[PDB]
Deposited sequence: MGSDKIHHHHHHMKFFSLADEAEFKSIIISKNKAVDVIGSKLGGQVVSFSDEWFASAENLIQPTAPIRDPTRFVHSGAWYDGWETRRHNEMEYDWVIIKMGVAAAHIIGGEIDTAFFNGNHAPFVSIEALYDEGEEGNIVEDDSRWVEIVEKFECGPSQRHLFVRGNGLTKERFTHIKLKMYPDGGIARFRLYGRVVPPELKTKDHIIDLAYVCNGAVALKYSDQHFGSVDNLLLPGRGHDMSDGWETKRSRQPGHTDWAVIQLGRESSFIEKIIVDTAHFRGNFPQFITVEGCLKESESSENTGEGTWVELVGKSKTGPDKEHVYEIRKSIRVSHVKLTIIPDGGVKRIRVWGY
């Protein structure tokens, strides 16, 4: 019942994951995903599986276990960085494991309330959500569950590899369940980056992450453009339709020689209306636009002029 997408068809995969199911990688370290435990890690750390970077050759950039596992499977337990989610799909990348790749993978999940302790492998609450499937050498596998979004919500993921081997990356896509003003554009509140002009370095989904990040690689950055009147833009579905917007924050943290010259922010109800008009931007700073407007919008569009890099956007309201 799992459905797999060719690399040539990643655009269509992203369509389903993001545009239709409003999903994000809920186990990525960049939104606070954490490896809780693992069976084994002999050749290469489990922690590599959730790193934001694409895997590289030169050590192995991945999780790899000892040979001849006497158990049926090796495993890793991962706590999501969001509070809870319904699961739609994922990615397993066996990059550079050319024969010693994981032969088969399955995925289970559970829902835990109290950070009461470190979850164990044989917890009765584990529920299979992706049935066992075959993997190939050194490649990306893009999957969607046959039944679409998981009915129940979950907080923790178990990856099973039968019986042992290597995996470079593991992404798991889910529609976040959000847990008085909030950041309507925050990833943990169900906000998702939908559409973009260009992503040269980083990605638009980085706009909605916790923190101000560490360097340029964890924001959204576009190429140096030359055409007069060029802009770049990013559309964000908010976690909720707004009733009020208090405050918009555009953060150029770490973008020092490549921050946009100007920005605007529009909102719309899914017909775009202005929230922030043309505003001069600076390097490496949180720009705070007080809006204080009773308005009903479902999406925002951030426009950077003519190009450059923004670390985050925050849309405070309710």
### Message
Tell me which segments of the deposited chain sequence are not represented by C-alpha atoms in this structure.
### Response
1 to 11, 70 to 78, 200 to 205, 297 to 307
